[PDB]
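Enquirer: Sequence first, structure after, both from an experimental entry:
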Amino acid sequence: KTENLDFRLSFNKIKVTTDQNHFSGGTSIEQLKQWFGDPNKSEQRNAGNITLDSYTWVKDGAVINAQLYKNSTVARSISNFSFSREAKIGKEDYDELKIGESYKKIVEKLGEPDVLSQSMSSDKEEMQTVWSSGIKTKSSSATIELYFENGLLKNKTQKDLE
């Protein structure tokens, strides 16, 4: 049984805009508050004439952040969370991951990463993902971290798996 599971799963409801022209259609603050209640912290992040509204929620040490441009999410992250789940990912599954492989395909194969951070700009989208559970190996401490660009695998790393 995974503690804090609902907080993690609600994180999947947060959508980063895919509109590289005008950044529309990302999750709004009204939606975030429906799911998570009032944020623990918020701040306006200014750079030149671009302003993002950054909001952070904390629950049992897990931290969710969302950054919104004109009330549309452009970046999101969760930290300090792990699932309690069956060990299914082995060294062979890791070895099979190929540069250019889609995030969608990889989640079908490995299950959802424990934590991730995702952002976009008009030029590119990126995502960093960590699996800290669901790994079948000698060491209890094993992790897999995958970097994605534009929805596709760009780099893979592992600790204590092979």
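Expert: That came through fine. Residues are numbered from 1 along each chain as shown.
Enquirer: Find the nearest non-adjacent residue to the residue positioned nearest the centre of the chain, please.
Expert: Nearest residue to the geometric centre of the chain (Cα atoms, centre = their mean): residue 116, 2.4 Å. Among residues not flanking residue 116 along the chain, residue 129 sits closest, at 4.5 Å (Cβ to Cβ, 6 or more residues apart in numbering). C-beta here means a position set from N, CA and C on the backbone, and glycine is covered the same way.
Enquirer: List the beta-bridge partners for that neighbour.
Expert: Residue 129 has the following beta-bridge partners by DSSP bridges: residue 116, residue 146.
Enquirer: isn't it right up against residue 113?
Expert: Yes - under the criterion of Cβ atoms under 8 Å, residue 129 makes contact with residue 113 at 3.8 Å.
Enquirer: quick one: common contacting residues for the two?
Expert: By Cβ atoms under 8 Å, 6 or more residues apart in numbering, residue 129 and residue 113 have these common neighbours: residue 146.
Enquirer: where do the helices sit along the chain?
Expert: Listed in chain order, the helices of the chain (DSSP state H) span 5-11, 29-36, 91-96, 103-110.
Enquirer: In PDB, could you pull the C-alpha coordinates for the shortest one?
Expert: The C-alpha trace of helix 91-96 is given here as PDB (Å, rounded to 0.1, in the frame of the first residue of the first chain):
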ATOM      1  CA  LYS A  91      18.400  -4.700 -16.000                       C
ATOM      2  CA  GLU A  92      17.100  -6.100 -19.300                       C
ATOM      3  CA  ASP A  93      14.200  -3.700 -19.300                       C
ATOM      4  CA  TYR A  94      16.700  -0.900 -18.700                       C
ATOM      5  CA  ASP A  95      19.000  -2.100 -21.500                       C
ATOM      6  CA  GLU A  96      16.200  -2.200 -23.900                       C
END
